[PDB]
Structures are given as C-alpha cells and as structure tokens.
Amino acid sequence: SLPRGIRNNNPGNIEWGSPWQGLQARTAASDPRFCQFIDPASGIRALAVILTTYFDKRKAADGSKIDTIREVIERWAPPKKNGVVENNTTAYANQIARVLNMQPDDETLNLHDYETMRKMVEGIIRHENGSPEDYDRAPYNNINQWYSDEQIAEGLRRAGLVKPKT
Ligand SMILES: [Cl-]
C-alpha cells in the first residue's frame with residue numbers, strides 16, 4: 001500500500017477546500033479528507049501555490065511577519081486550538097530548515113526564488129510520504145525521492161517559478 005499522499009497525486013496532503021486546477025470530481029469513493037488530483041504535476045503545483053499564499057501574507061496570528069521558514073511552516077502545519085499540548089510544528093520547521101540548509105528564523109527566505117521553493121516543496125513531499133524504499137520503490141536521486149526532477153520542475157513551472165538555466 002502506497003502512502004495516502006502518493007495514492008492521491010496530492011503529496012502535500014492538502015485538505016479539501018479550494019478547487020485547485022486538476023482536481024478529480026468528488027464522489028462517494030473520494031478520500032474523505034484530502035484532495036485527489038488527475039496528475040502529480042497538479043498536486044505539486046497546488047502545494048507551491050499554497051506556500052506562496054502564506055509567504056505573501058504580511059503577518060501571522062502571533063502578530064509576527066511571515067518571512068521565515070518557521071513562520072511559513074507554522075501556517076502549513078498549524079497546532080490544534082485545544083487538546084493535548086504537542087510540538088509537531090517545531091519539529092516540522094526544523095526538518096524543513098535542514099533541507100534548505102538555512103536557520104528557521106533567517107529573514108532572507110525568498111519563496112519567489114525557484115531553488116528555495118523547490119527545496120521546500122521537495123522537503124514537504126519527503127516528510128509527508130516517507131521513503132519510497134519502504135514501499136519497495138527505487139527513490140529518484142533528489143530531495144523528494146517520490147517524483148522525477150522533471151515532474152517537480154513541471155509542477156513549479158505551472159506555479160509560475162522561473163529556474164535560471166544555461
Ligand atoms: Cl534549483
């Protein structure tokens with residue numbers, strides 16, 4: 001059994017809410033909680049756009065700017081309003097900061113930069129879905145491991161991001 005995000009062409013595990021381009025019609029057989037996309041490029045594109053919507057916000061709930069990996073991941077993976085106190089959001093931010101080789105409170109973060117967005121998207125995909133080797137698949141030689149470099153690039157291109165090339 002593949003992870004839910006990969007089965008759904010929704011490797012970010014985006015919850016139903018916005019009618020992203022490339023969604024399947026929702027039916028009685030649909031995933032009850034998470035978006036299902038017709039192709040991986042559409043799911044990857046939606047993930048890049050969601051992260052851009054957070055980054056483009058001036059201020060977070062806590063009153064602080066949204067201009068750092070910590071503040072972007074706080075929006076992406078928010079804690080619950082009540083129930084058991086748990087620090088999954090802090091661990092998630094630290095893990096993505098390691099993927100970017102940046103400190104979580106570095107305010108030079110630019111998610112309009114192709115390479116920065118690529119590393120954050122790929123980090124989230126690998127975090128949400130685990131190792132392809134755990135599902136008896138060969139990982140691709142990249143951060144995300146589930147999708148080819150070409151599949152990641154097509155998602156990001158569709159989200160408007162420009163990789164400088166020679
Ligand atoms: Cl790059």
# chains A, B, ... in the order shown; residues from 1 in each chain; ligands from 1
call {"tool": "residues_near_ligand", "arguments": {"ligand": "ligand 1", "cutoff": "12 Å", "atoms": "only C-alpha atoms and all ligand atoms", "output": "PDB file with C-alpha atoms, in the first residue's frame"}}
result
ATOM      1  CA  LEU A 100      17.110  24.239   2.936  1.00  0.00           C
ATOM      2  CA  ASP A 113      13.142  32.097  -5.707  1.00  0.00           C
ATOM      3  CA  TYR A 114      12.837  28.854  -7.778  1.00  0.00           C
ATOM      4  CA  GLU A 115      15.550  26.866  -5.890  1.00  0.00           C
ATOM      5  CA  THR A 116      14.167  27.920  -2.450  1.00  0.00           C
ATOM      6  CA  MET A 117      10.588  26.907  -3.347  1.00  0.00           C
ATOM      7  CA  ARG A 118      11.847  23.672  -4.966  1.00  0.00           C
ATOM      8  CA  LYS A 119      13.701  22.615  -1.785  1.00  0.00           C
ATOM      9  CA  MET A 120      10.682  23.474   0.442  1.00  0.00           C
ATOM     10  CA  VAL A 121       8.195  21.580  -1.839  1.00  0.00           C
ATOM     11  CA  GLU A 122      10.550  18.566  -2.117  1.00  0.00           C
ATOM     12  CA  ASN A 142      16.586  14.177  -5.407  1.00  0.00           C
ATOM     13  CA  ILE A 143      15.215  15.514  -2.074  1.00  0.00           C
ATOM     14  CA  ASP A 149      13.266  16.061 -11.329  1.00  0.00           C
ATOM     15  CA  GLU A 150      11.102  16.628 -14.492  1.00  0.00           C
ATOM     16  CA  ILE A 152       8.878  18.528  -9.789  1.00  0.00           C
ATOM     17  CA  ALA A 153      10.013  21.109 -12.378  1.00  0.00           C
ATOM     18  CA  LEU A 156       6.830  24.530 -10.164  1.00  0.00           C
ATOM     19  CA  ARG A 157       6.741  25.893 -13.771  1.00  0.00           C
ATOM     20  CA  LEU A 161       8.504  29.767 -10.888  1.00  0.00           C
ATOM     21  CA  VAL A 162      11.484  30.527 -13.244  1.00  0.00           C
ATOM     22  CA  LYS A 163      14.653  28.325 -12.887  1.00  0.00           C
ATOM     23  CA  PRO A 164      17.692  30.160 -14.379  1.00  0.00           C
ATOM     24  CA  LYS A 165      19.347  27.791 -16.949  1.00  0.00           C
TER      25      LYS A 165
END
call {"tool": "residues_around", "arguments": {"residues": "residue 103 (chain A)", "least_positions_apart": "5", "cutoff": "8 Å", "atoms": "only C-alpha atoms", "output": "list in words"}}
result
residues 69, 97 and 98 of chain A
call {"tool": "closest_residue", "arguments": {"among": "A:129, A:88, A:18, A:82", "to": "residue 5 (chain A)", "atoms": "only C-alpha atoms"}}
result
A:129
call {"tool": "closest_residue", "arguments": {"among": "A:84, A:23, A:73, A:91", "to": "residue 43 (chain A)", "atoms": "only C-alpha atoms"}}
result
A:23
call {"tool": "atom_distance", "arguments": {"atom1": "CA of residue 154 (chain A)", "atom2": "CA of residue 45 (chain A)"}}
result
8.0 Å
call {"tool": "closest_residue", "arguments": {"among": "A:133, A:15, A:128, A:107", "to": "residue 66 (chain A)", "atoms": "only C-alpha atoms"}}
result
A:107
call {"tool": "residues_around", "arguments": {"residues": "residue 39 (chain A)", "least_positions_apart": "2", "cutoff": "8 Å", "atoms": "only C-alpha atoms", "output": "ChimeraX atom specification"}}
result
/A:9,22,37,41-43
call {"tool": "select_by_dssp", "arguments": {"residues": "chain A", "states": "helix (DSSP H, G or I)", "output": "PyMOL selection string"}}
result
chain A and resi 4-7+40-56+69-76+88-100+114-129+132-135+149-158
call {"tool": "atom_distance", "arguments": {"atom1": "CA of residue 48 (chain A)", "atom2": "CA of residue 75 (chain A)"}}
result
13.7 Å
call {"tool": "atom_distance", "arguments": {"atom1": "CA of residue 71 (chain A)", "atom2": "CA of residue 99 (chain A)"}}
result
15.9 Å
call {"tool": "select_by_dssp", "arguments": {"residues": "region 14-161 of chain A", "states": "strand (DSSP E or B)", "output": "VMD selection string"}}
result
chain A and resid 15 23 34 37 59 65
call {"tool": "write_last_selection", "arguments": {"atoms": "N, CA and C atoms", "output": "PDB file, in the first residue's frame"}}
result
ATOM      1  N   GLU A  15      -5.747  19.399   2.343  1.00  0.00           N
ATOM      2  CA  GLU A  15      -7.158  19.085   2.687  1.00  0.00           C
ATOM      3  C   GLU A  15      -8.090  19.672   1.634  1.00  0.00           C
ATOM      4  N   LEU A  23      -8.059  18.912  -9.966  1.00  0.00           N
ATOM      5  CA  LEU A  23      -8.720  18.006  -9.009  1.00  0.00           C
ATOM      6  C   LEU A  23      -9.596  17.030  -9.795  1.00  0.00           C
ATOM      7  N   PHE A  34      -8.629  14.474   2.103  1.00  0.00           N
ATOM      8  CA  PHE A  34      -7.550  15.028   1.267  1.00  0.00           C
ATOM      9  C   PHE A  34      -7.946  15.083  -0.203  1.00  0.00           C
ATOM     10  N   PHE A  37      -5.922  14.511  -7.144  1.00  0.00           N
ATOM     11  CA  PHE A  37      -5.609  15.202  -8.406  1.00  0.00           C
ATOM     12  C   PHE A  37      -5.503  14.204  -9.571  1.00  0.00           C
ATOM     13  N   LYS A  59       1.436  39.323   7.944  1.00  0.00           N
ATOM     14  CA  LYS A  59       1.557  38.989   9.381  1.00  0.00           C
ATOM     15  C   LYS A  59       0.817  37.689   9.654  1.00  0.00           C
ATOM     16  N   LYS A  65       5.805  38.859  11.380  1.00  0.00           N
ATOM     17  CA  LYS A  65       5.843  38.807   9.901  1.00  0.00           C
ATOM     18  C   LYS A  65       5.800  37.337   9.465  1.00  0.00           C
TER      19      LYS A  65
END
